[PDB]
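Chains as they are written, first to last, in the authors' numbering: chain A, 158 to 340; chain B, 158 to 340; chain C, 158 to 340; chain D, 158 to 340; chain E, 158 to 340.
The C-beta atom is built at its ideal place from N, Cα and C for all residues, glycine as well.
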Amino acid sequence: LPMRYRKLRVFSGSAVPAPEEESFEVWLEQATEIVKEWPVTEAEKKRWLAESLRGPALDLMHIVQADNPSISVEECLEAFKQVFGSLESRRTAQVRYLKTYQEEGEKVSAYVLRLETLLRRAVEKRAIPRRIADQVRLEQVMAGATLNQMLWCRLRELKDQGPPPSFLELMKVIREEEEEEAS
Amino acid sequence: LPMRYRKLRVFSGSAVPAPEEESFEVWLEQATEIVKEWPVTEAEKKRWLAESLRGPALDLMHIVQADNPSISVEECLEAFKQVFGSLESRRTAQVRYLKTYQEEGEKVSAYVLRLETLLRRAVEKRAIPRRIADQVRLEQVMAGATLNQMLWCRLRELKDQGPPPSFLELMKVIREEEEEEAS
Amino acid sequence: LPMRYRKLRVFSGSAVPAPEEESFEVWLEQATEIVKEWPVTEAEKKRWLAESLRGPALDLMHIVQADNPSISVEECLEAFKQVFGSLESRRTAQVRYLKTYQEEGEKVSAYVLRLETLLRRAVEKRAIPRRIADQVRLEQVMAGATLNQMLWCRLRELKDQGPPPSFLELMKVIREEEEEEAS
Amino acid sequence: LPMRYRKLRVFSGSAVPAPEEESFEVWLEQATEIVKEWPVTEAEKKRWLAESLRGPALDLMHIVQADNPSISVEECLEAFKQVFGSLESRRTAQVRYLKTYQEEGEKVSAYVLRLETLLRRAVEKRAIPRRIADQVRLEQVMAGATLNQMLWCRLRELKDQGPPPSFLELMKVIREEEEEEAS
Amino acid sequence: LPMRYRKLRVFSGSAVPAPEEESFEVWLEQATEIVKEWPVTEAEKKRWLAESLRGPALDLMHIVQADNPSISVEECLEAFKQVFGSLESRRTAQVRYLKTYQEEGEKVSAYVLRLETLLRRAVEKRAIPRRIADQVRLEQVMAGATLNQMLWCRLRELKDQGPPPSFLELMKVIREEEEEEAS
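Printed below as a string of structure tokens:
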């Protein structure tokens, strides 16, 4: 049998959130689900929507409704996106990707996962053409990582051995090299 | 399917509450819902009402009932408002609004949201006429904020370009100016 | 729809309880409800009763049952009252009331609520006649509080203007005087 | 209506448990209930049984099953008792009782409850004959407690006034003497 | 009646997890159950699967789906095993077992349980033949433990008295020797 009901994800909109809160992009997934999918009455949608909000973000929702009583939940979410959503230039998406380097004590397979989230944003905002993202991924790994020289021998084969690797192919080759023998 | 049942909001009435408690004005929303809407028996209403109370506030509820056994939940909430509700002069509503200035490291869009809660109280208590609240909002932002001079050029257009802006219009113009370019 | 099920109130019987526990007089309300009202089987009553106990208090319940297998839940609660309940002389109820004075930084309306719990105990235990409790309340407020002199002018009217005030009447007159004007 | 479902009691088997865990003798009550009483399918019994285990204790359960696939839950609990249960000589039960004295700031009624748990273990393990446990209780209270001399006058009546008192009789006489008068 | 629904086990994939998280080998049991057994719709499986993930591990799941929309839950778990699963040579399994010695203040029955988890891994990965695991267990206990000399007399009988003992037989003989007499 399906286990315990799952708690709502949550969001404050604060300049420094609590470590249990989500990104706006993820709270907006839960909110889009509640709006589009749930078989529920409007005031019960609105009480489930309201129950997820904290911080400053809870405080906007009342102001917007009082000034327009005809507001649907589909319209109220459009006001919520303007105040708490995100604005970022093409140049900022591009510069924020290319500046990313491996940290102290971070593993190479941890770095290559962290770096892949930034490459998707830069391809959405048309900063990088989708035609060349697999070449741009390999060039940035060899630029930013602290590769051991047996790993260096393999990545230099992938650079030359036909087309550039996919994400899961590159991630496999890295994992085979990360393992150490005990003493 | 609708997710986990939602916890009751809570209130102590203490001089310093726990950071999880609500304002009396919000606990009184939950209490007004339980009183007016829920399809429930009186002793079960009263056990749900009681379950939300803590601090000193829990302690009043017994005293009031013993001295009048005929008391309805509609009458018991009227006694609760007298002891824990709020009293504020017209002059205090007006002075408490006009004294409000931007804090250290606070953003201009955070300040303009914080300031809008105070303008609604002052218009309820008839301190500010509802006829002029959109003019009074722009005059207080230019008085209290630490505007950069490219933002200053735009707000001085809004001051002259016909009628004064609404809340969401002003909030849009501010957000377009707050964003910075990376290096 | 009625919201989430409510957690059991709890009791340790310890010399210093955790701050989440209740007075014995309140845990005994929940226990009296479970005994008298719930439509449940005996071993399920006894498992709900048991689930609320902690500290030393949990440890008594087994000893009492082993020595008398015929024990009903109505009889087992009578043993529980003897060991954890309260004993207090008429003279201690009277002296513990009359010694009560306003604390550092406590408000007058907070003091007059705190003092009313003690006057009910002293009238149950026949230390104070129920005929005169409204006179005894006003005499103790003027004895124990740190009244400002505009409040002093009003309470000295109530002392002379016919019969002494009720609890909610006195509490109204105090609240009208507690409010301050901003600068 | 019966209130919220009750959380499982829990057990680690560790040399120092968390303060929320039970004695093995109490986790084994919950486990005996799940085994004998619940109207449930075997793999769902085994998933409820498993869900209560932590620490080292969780880790044994897998090893035992792999080496004998025909194992019933009635047989698997017999292996669990051998590794985490308790072994104690007749002489250790007797010596551990007789050495028990009142602590700093402990009340006499708290001591006489704490001491009664130890007398039951010593009568199970046949160290003390059940024929004489009420005499042995009074002799140990007068040996171990720090009695005031008005309490001393009453316990010396109980020693001589026919048969020795029961547990609840002795506990009543002690409670009547513990109370103090205010000043 | 079966008690409260049980919380999901959880996993971050982080280099240092929170102390409430499981090993990947145990989160993968819960995930294999959800995939194979639960009578549920695909998007509700995927929302239950997703709800258990945190840390870096939550972040992989989106990337994999976007690059192949035809992916089943049976295929998505195969990608999850490659990135977060475990790689270990035959020589590392063997060396990691044989190096294991008793710690400061650890009991002999606690050591012999801790050591048995390592012997199962080394027999899965074909480092130790299953034909001889009961001999290899006794040789490692006499090598690694700090045995008292009355325990030494008994284990030297088991070494010679026909076939080597099973796990529960050896664990019984150790437990009979660990107990001490009070003073």
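Using a threshold of 8 Å, state whether the C-beta atoms of residue i and residue j are closer than that.
| i | j | result |
| --- | --- | --- |
| residue 213(E) | residue 170(E) | yes |
| residue 284(E) | residue 247(E) | yes |
| residue 173(C) | residue 231(C) | no |
| residue 207(D) | residue 221(D) | no |
| residue 265(C) | residue 335(C) | yes |
| residue 161(D) | residue 163(C) | yes |
Can you give the Cα-Cα distance for residue i and residue j, rounded to whole angstroms?
| i | j | result |
| --- | --- | --- |
| residue 201(E) | residue 308(A) | 41 Å |
| residue 219(C) | residue 323(E) | 40 Å |
| residue 297(A) | residue 292(E) | 54 Å |
| residue 258(D) | residue 326(E) | 41 Å |
| residue 331(D) | residue 181(E) | 58 Å |
| residue 321(A) | residue 245(E) | 29 Å |
| residue 224(D) | residue 199(A) | 57 Å |
| residue 229(E) | residue 294(A) | 27 Å |
| residue 276(E) | residue 175(C) | 45 Å |
| residue 267(C) | residue 197(A) | 44 Å |
| residue 288(B) | residue 226(B) | 48 Å |
| residue 303(A) | residue 310(A) | 13 Å |
| residue 100(B) | residue 328(C) | Any answer about residue 100(B) is impossible in this case: the structure gives chain B only from 158 up to 340. |
| residue 286(B) | residue 317(B) | 22 Å |
| residue 319(B) | residue 339(C) | 36 Å |
| residue 190(B) | residue 190(A) | 26 Å |
| residue 314(C) | residue 260(C) | 25 Å |
| residue 274(B) | residue 263(B) | 17 Å |
Beta-carbon within less than 8 Å of residue i's beta-carbon, same chain only, minus the 5 sequence neighbours each way: which residues are those?
| i | result |
| --- | --- |
| residue 209(E) | 165, 166, 167, 168, 184, 187 and 188 |
| residue 238(A) | 185 |
| residue 282(B) | 245, 247 and 250 |
| residue 305(D) | 334 |
Using alpha carbons as the reference points, say which of the options lies closest to residue i.
| i | options | result |
| --- | --- | --- |
| residue 178(A) | 206(A), 211(A), 334(A) and 191(A) | 211(A) |
| residue 348(C) | 224(C), 301(C) and 232(C) | Any question about residue 348(C) goes unanswered here, given that chain C covers just 158 to 340. |
| residue 217(A) | 205(A), 233(A) and 194(A) | 233(A) |
| residue 194(E) | 261(A), 158(A) and 175(A) | 158(A) |
| residue 278(A) | 254(A), 313(A), 299(A) and 226(A) | 254(A) |
| residue 215(A) | 240(A), 196(A), 226(A) and 267(A) | 240(A) |
What I want to know is whether the C-beta of residue i ends up closer than 7 Å to one or more non-hydrogen atoms of the ligand MN.
| i | result |
| --- | --- |
| residue 285(B) | For the structure depicted, the ligand MN is absent and the ligand set is empty, with no information on it obtainable. |
Looking only at its own chain, which residues have a Cβ that is under 7 Å from the Cβ of residue i, when we skip the five neighbours before and after it?
| i | result |
| --- | --- |
| residue 272(B) | 257 and 297 |
| residue 299(E) | 312 |
| residue 342(A) | With chain A represented from 158 up to 340, any question about residue 342(A) goes unanswered, as that position is not in the structure. |
Alpha helix (DSSP H) runs wholly inside the segment 261 to 317 of chain C, at least 4 long, in chain order: Runs of alpha helix (DSSP H) with 4 or more residues, each lying fully within the segment 261 to 317 of chain C, are found at 265 to 281, 290 to 301 and 306 to 315, listed in chain order.
Minimum length 3: unbroken beta strand (DSSP E) runs contained in the segment 201 to 236 of chain E: List check, beta strand (DSSP E) in window: nothing returned.
Whole alpha helix (DSSP H) elements within the segment 166 to 201 of chain E, 4-residue minimum: For the segment 166 to 201 of chain E, whole alpha helix (DSSP H) runs of length 4 or above, ordered along the chain, are 181 to 193.
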